[PDB]
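To begin, one chain is listed below as structure tokens, in the form deposited in one PDB entry.
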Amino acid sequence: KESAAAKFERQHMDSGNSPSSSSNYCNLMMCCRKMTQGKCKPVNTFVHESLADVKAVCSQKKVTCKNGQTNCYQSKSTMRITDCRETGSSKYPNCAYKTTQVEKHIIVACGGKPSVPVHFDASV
């Protein structure tokens, strides 16, 4: 069971960060979205366009998947995204990320009915 001391640190301590930082985004979001549990996910992209716009990519340009499947689609336009990459100093359970604001085309794998994004393949 989590100690009261540890609970206080979790709920109330942020000694290592500035709340006015723009570059702490990946650190917080990777944590929030449960990609720092068990291991640090090394690479992850967050997309800031509307869910409708991202879903629409499944009806856009068919392209090669990095994994050779035939269900990938590239956005017709660039999208506002954030690239999160694990830093060289990052070591689980202290997962540290470089945040990069980018505007690139996204490539997603689509699946299901309706066909919706199920995997983020690449930004190009």
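If you superpose the two forms and keep the largest set of C-alpha atoms that fall within 1.5 Å, you have the rigid core. Numbering starts at 1 and follows the sequence shown. Shifts are known only where both forms have a C-alpha.
Keep in mind the form deposited in another entry is missing from the figure; the text below concerns it.
Positional change of residue 17 between this form and the one not shown reaches 2 Å or more at the C-alpha, relative to the superposed core. In contrast to the form presented, in the other form the C-alpha positions of residue 40 and residue 13 spread farther apart by 3 Å or more. Cα of residue 7 to Cα of residue 42: at least 3 Å longer in the other form than in the shown structure. Considering only residues present in both forms and aligning them on the rigid core, one finds just one run of three or more residues with C-alpha shifts of 2 angstroms or more between this form and the one not shown, namely 1-21.
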